[PDB]
Amino acid sequence: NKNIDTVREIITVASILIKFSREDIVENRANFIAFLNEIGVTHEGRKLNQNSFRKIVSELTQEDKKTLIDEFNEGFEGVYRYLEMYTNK
């Protein structure tokens with residue numbers, strides 16, 4: 001029911017498709033989105049729009065921040081390593 005739920009699905013499915021596979025699409029991040037939606041990644045009745053990042057981050061709490069990291073620290077470090085090394089969104 002959370003934004004954590006929402007977001008971890010974004011990040012993890014993204015991560016899997018970038019990590020040992022296809023980085024060139026995270027480059028031009030619209031290409032990324034539509035290969036990630038392809039999977040069966042669903043949101044609010046609809047496919048993902050990049051505009052809704054406002055609806056992502058604002059609605060998370062500190063509680064949730066900690067959590068996101070704490071539960072899937074493997075995935076946090078995973079993308080954090082990608083972030084500094086490849087390219088900053």
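Note: ideal-geometry Cβ built from the backbone for every residue, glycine included; neighbour counts use all protein chains shown. Every read-out reported here was derived from the displayed coordinates using simple, explicitly stated rules and does not represent laboratory data.
Of the residues making up the stretch 41-48, none is within 14 Å of the chain's Cα centre (by Cα), outside any loop (DSSP other than H, G, I, E, B) and surrounded by 13 or more Cβ atoms within 10 Å (Cβ to Cβ).
Of all residues in the stretch 18-40, those satisfying the criterion of being without any contact (Cβ under 8 Å) to a residue 60 or more places away in the chain and surrounded by 15 or more Cβ atoms within 10 Å (Cβ to Cβ) are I25, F32, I33, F35, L36, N37. The residue list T61, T87 contains one member that is hydroxyl-bearing (S, T, Y) and free of Cβ contacts under 8 Å to residues at least 24 places away in the same chain, which is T61. Scanning the stretch 62-89 for residues that are loosely packed, with under 12 Cβ neighbours inside 10 Å and not in a helix (DSSP H, G or I) yields a total of 3. Across the stretch 5-17, a minimum of one residue is classified as of a type in the set (K, R), assigned to a helix (DSSP H, G or I), out of contact with any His (no Cβ under 6 Å at 6 or more places or on another chain) and in contact (Cβ under 8 Å) with a residue 40 or more places away in the chain.
Let's see how each residue does on (1) under 21 Å from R81 (Cβ atoms); (2) aliphatic (A, V, I, L, M):
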position	(1), (2)
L17	yes, yes
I25	yes, yes
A30	no, yes
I39	no, yes
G45	no, no
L48	no, yes
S58	no, no
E63	no, no
